[PDB]
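Enquirer: how does the following fold in three dimensions:
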Amino acid sequence: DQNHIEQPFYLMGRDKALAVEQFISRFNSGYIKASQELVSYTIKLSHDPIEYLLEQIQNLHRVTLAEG
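Expert: Residues are numbered from 1 along each chain as shown. Next comes the structure:
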């Protein structure tokens with residue numbers, strides 16, 4: 001087939017770190033079609049900073065009394 005005996009197994013050994021740059025280089029432009037989907041995944045996670053900010057200041061003043 002080729003002047004060489006080929007070596008599809010010799011790479012899998014040194015392709016490790018190389019296989020990580022492939023999954024990221026292929027998702028690159030993909031990160032542009034998911035940007036919108038990324039906003040829908042955060043709406044249900046860490047999306048209540050305004051309601052948590054007032055609760056963090058109202059609890060710090062009540063926790064300083066320690067009455068439990």
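
Enquirer: for this structure, longest helix please?
Expert: For the chain, the helix with the greatest residue count under DSSP state H is helix 49-63.

Enquirer: and that one, how far out from the chain middle?
Expert: Taking C-alpha atoms, centre = their mean, to the nearest Å, one finds helix 49-63 lying 28 Å from the centre of the chain it belongs to.

Enquirer: element containing residue 37, please.
Expert: helix 30-42 (DSSP states H and E).

Enquirer: mind checking how far that helix is from the chain centre?
Expert: The mean C-alpha position of helix 30-42 is separated from the chain mean by 11 Å, C-alpha atoms, centre = their mean.

Enquirer: pull the CA atoms of that helix into CSV?
Expert: This file holds the C-alpha atoms of helix 30-42, laid out as CSV (Å, rounded to 0.1, in the frame of the first residue of the first chain):
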residue,chain,number,x,y,z
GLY,A,30,-19.4,26.3,17.2
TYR,A,31,-19.1,28.5,20.2
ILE,A,32,-20.8,31.1,18.1
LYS,A,33,-24.0,29.1,17.4
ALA,A,34,-24.3,28.1,21.1
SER,A,35,-23.7,31.6,22.6
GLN,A,36,-27.5,32.0,22.6
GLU,A,37,-28.0,28.6,24.1
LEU,A,38,-25.5,29.6,26.8
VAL,A,39,-27.8,32.4,28.0
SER,A,40,-30.7,29.9,28.4
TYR,A,41,-28.5,27.6,30.6
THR,A,42,-27.6,30.4,33.0
